[PDB]
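Same chain, two forms, each on its own as structure tokens: structure 1, then structure 2.
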Structure 1
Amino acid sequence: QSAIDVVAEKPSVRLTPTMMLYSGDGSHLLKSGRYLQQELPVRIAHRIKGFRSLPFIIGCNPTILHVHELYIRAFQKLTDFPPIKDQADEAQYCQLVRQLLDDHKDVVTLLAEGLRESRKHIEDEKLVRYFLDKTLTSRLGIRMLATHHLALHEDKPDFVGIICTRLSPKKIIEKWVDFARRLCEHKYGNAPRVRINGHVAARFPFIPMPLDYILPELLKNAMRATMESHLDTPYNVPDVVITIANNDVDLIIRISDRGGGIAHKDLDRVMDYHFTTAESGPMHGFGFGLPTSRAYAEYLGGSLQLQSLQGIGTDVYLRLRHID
């Protein structure tokens, strides 16, 4: 379709998280609702462009092709919606956006399947990694863009849309530690104790959404490695130690385990999608954890770095740029 061609090369327009906190308002909601309406088809055209650029033999996979078709169908609906003139139009478009986000929450699982099935025809190792990095960061971009606007209409304490005004890293880490320990206890009959130190009283404006993927994943990796390396003494395992470092530039979360480390022979593969030694949105398994967490961290001005002490344990450093 030529309508997709019109915006496929159009640069994305992003608001700065700082500017989104600055705007803290029906007259301003109308301005941002029109913005969403104009921006969302551009993000979808950018995804269609990705599918159009895939090698023909990969793009021809029925599962990959079906996802390509889903995006084309969604683009038609977003562009078919008439322009927003008042708050009544602004609210009917929110409903359409909510519906389409919900109907396609599961697309990453389908893409991962299609790309697995096409593995024999993938001669370039970097091609799948680059496609999936772009897919996961753009899908997070779409999610944050749409969910933030929907949340601006709601009156949640300590939030301006999806931006928490006083996020505590210790609190969000504890929420996920409890969840991970509960599941780890179900699987092994025990879970390592998690100690949290450093800047335990830090609070600052932050978007928790990416941490809700990264933290349970990095905690699972640390707890699982700890249990897998201490199966001979499963009720006496070393603690996972998490350090919080907060400065004016970034937030650092170091997760240190005594789970034996990442072997030298696996080191150059742990950041690949589908690489695993274990027996809605991106998957929390199938070797998607580390590369998704890194793509997320890099997309938000930070990084995800690993330090392996083979025979002892691993230190994982999650760095995320502050909003200020």
Structure 2
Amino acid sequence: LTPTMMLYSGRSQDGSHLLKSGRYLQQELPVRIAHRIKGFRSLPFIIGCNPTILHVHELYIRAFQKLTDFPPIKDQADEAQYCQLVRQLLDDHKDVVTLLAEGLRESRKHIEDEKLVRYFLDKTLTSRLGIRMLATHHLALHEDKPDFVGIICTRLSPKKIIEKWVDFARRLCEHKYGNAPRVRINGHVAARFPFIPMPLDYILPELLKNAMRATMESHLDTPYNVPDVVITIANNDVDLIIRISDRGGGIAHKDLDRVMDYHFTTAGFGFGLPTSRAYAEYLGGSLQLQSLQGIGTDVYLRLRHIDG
């Protein structure tokens, strides 16, 4: 399970579990979308009037309308059709974070209470992550991947998922700087446990891009020889901790209180940190930074284990 939300791990011969899942989505999602719509309605007028914000607002209204218009799920035939609608919405909404970032960038300056946008984005993006997890889980329940029940991996290796995103971030970095730091992984490298990869897929690349940009930008004289990023995995009975340590010079004192703000960037829109922290906390975890100004940064991602 996740916040106020359960991921059904049930399997059934008749496929009755797909019906149960679909029915669950149909009770759960419209309410959650409705809350987000209320969120748009309460946005400060000048932000709510932004055409890009209006577009997302309308997308959410349209999502609510489609889900509520969909008939009661009675049989596998209905459920199959329902999955089509779910796939459509997941796709129609795939650029929502980008749209919000864009619509909010200028318009948020025109209000006074800056805490407002932070609260709206935290609440909206985390609710969205939840919606997407539930929807994607339902679709995945049709899949027959070994080691998966829906989007729940029954034997996730943190080392493997880290390596996947390391390769991804190194590719981006190499394309931009001609090189990329190597990454060493230590600690509980052999750990394997039930876990939902999705949040890691969101968070890991954000933290890795940060460490790599910082490293390259602080070693412009020696792009061909930069210090490794070092990642430590700690697996215990309560949580999983992933520490990502760079020698990229640190987060400057004058920036430290701003890096967690949406839209703050020293370079994207500056969303990597605030989004990652919101997601971690939403899931019962945390994201903490330790800056060694002049040397580098240690970033600690903590995520709670799945309860059985």
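Superpose the two forms; the largest set of C-alphas matching within 1.5 Å is the rigid core. FYI, numbering is relative to structure 1, first residue = 1.
Q: With both forms fitted on the core, give yes or no for whether the Cα of residue 263 moves by 2 angstroms or more between structures 1 and 2.
A: False for residue 263: its C-alpha shift is below 2 Å.
Q: Once the core is aligned, please say if the CA of residue 61 is shifted by at least 2 angstroms between structures 1 and 2.
A: After core superposition, the displacement of the residue 61 C-alpha between structures 1 and 2 reaches the 2 Å mark, so yes.
Q: How much does the C-alpha of residue 119 move between structures 1 and 2, in Å, when the core is lined up?
A: Here residue 119 registers a C-alpha shift of 2.4 Å.
Q: If the core is used for the superposition, what shift in Å does the C-alpha of residue 85 show between structures 1 and 2?
A: Comparing the two forms, residue 85 shifts 1.3 Å at C-alpha.
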